[PDB]
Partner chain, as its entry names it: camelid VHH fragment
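Only one chain is shown below, in structure tokens, and it's the form solved without the partner chain.
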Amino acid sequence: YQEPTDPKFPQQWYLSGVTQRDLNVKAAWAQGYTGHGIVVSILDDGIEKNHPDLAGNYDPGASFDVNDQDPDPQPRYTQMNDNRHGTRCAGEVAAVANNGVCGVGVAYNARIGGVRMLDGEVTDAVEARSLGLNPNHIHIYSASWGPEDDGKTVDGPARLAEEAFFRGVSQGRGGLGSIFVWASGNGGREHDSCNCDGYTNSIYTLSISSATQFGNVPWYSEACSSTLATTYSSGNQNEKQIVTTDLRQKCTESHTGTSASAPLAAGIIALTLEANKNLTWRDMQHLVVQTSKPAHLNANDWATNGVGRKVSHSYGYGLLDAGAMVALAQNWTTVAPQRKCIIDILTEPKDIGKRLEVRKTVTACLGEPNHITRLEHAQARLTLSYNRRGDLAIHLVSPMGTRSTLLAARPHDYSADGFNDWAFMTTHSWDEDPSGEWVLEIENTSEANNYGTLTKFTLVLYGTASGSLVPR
């Protein structure tokens, strides 16, 4: 193997670097993994399928136009170039290599398609038809849309889209499950808290945040416990950005935001699936947890969980490491079937007032087929009223002592509508034993005399009862 000769490959610092500030993709390419045989689709504003750096890898079977209801996802050209974003993301995954044009994709021999679905009214049905496109042909989906990143919205998939996620992970990809890679949001300037976005907060999406070139949390990032890992993206004007294919058969050096991080993750996942095509949607999340790297990502909330892994709400388990992903994938043993242990916590409603703590010792379905000794995702499904939602901060502590922030204060969230069975999700207790005392903390972070009631707290544990590693 020889490294790519493309003219902008040297500018793709997050791949081509030799300073240890990269995604370690060359190490995967040198193991022989470039994405051959894998199919990725960008769910966004279309794909310029005739782009000189995409045409060679373009896959009509990975593509559709849901906005206009036809097979051709070609973007709508406008003076502002509004519909350029899906083309930028497609090239991050699978721009052609060694062809004298722009740079390369992470998985530069993968097949790449796009769904034109953001350029029109985006209904639940539009979302569902995109998520459910050709699920026995497309392996990996990449998306960065969801509720407005204004820091005051709480919303997620409606019924058709939620059904598309469950059909994808259950029957997609021959029963191994569609891999939905998702960006955690761009609401950092609005102090948004991304578990309020039900798309990234889902267990069925493999959620990704961003780091700047110098290893910092970018201005646009949202922190939340549902995030799994990180890839590089843009930062300040002294830091480089993402280099990729652009609309009108051009090359950009200024692709930005968390929406540029999810496609890079999708490309790394494509390399990993080439290394072991039998990996399930859950296997893939395990690989990410085990291989991602905190090193040189700066945050003030790095904490060690109960199995010795460092986790952050900005970064999840850290920067994706492509070489480590493909290495660990090769001999990976498929995880056991997913168990689900439902624990209804409250015996009566609880006044919140200034601060509420709910403590409960659980057996995690001891003696039952859904007994869980090895956690994957955990959810605190909460139903509560409160007079100003954004003054609330919510934490969940596992028996092993891992404090997950379920909700941070959102100063713009003035809503009086509370949370209606909202399934706040944390990845930070992955591989812990969930037996023992869990603690839920709800606090009013303002000096205001706020008021409300918690009426339901369901602790939902997912996981297995076998296969643990020694703690890190």
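Numbering follows the first chain given and starts at 1.
A second form of this protein, the form deposited with the partner chain bound, is not displayed here; the remarks below concern that form.
Colleague: When the partner chain is placed as it is in the entry with it bound, are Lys350, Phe419 and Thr455 each within 4.5 Å of it, taking any non-hydrogen atom of the residue?
Modeller: Spot residues vs the partner chain: full contact, yes.
Colleague: Sort through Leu384, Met325, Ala364, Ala229 and report the residue having a heavy atom within 4.5 Å of the partner chain in the entry with it bound.
Modeller: In short, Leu384.
Colleague: For the chain shown here without its partner, which stretch in 342 to 350, 313 to 321, 243 to 251, 271 to 279 has non-hydrogen atoms within 4.5 angstroms of the partner chain in the entry with it bound?
Modeller: Comparing against the partner chain in the entry with it bound, the contact stretch is 342 to 350.
Colleague: Can any non-hydrogen atom of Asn449 be found within 4.5 angstroms of the partner chain in the entry with it bound?
Modeller: The answer is yes: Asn449 has a heavy atom within 4.5 Å of the partner chain.
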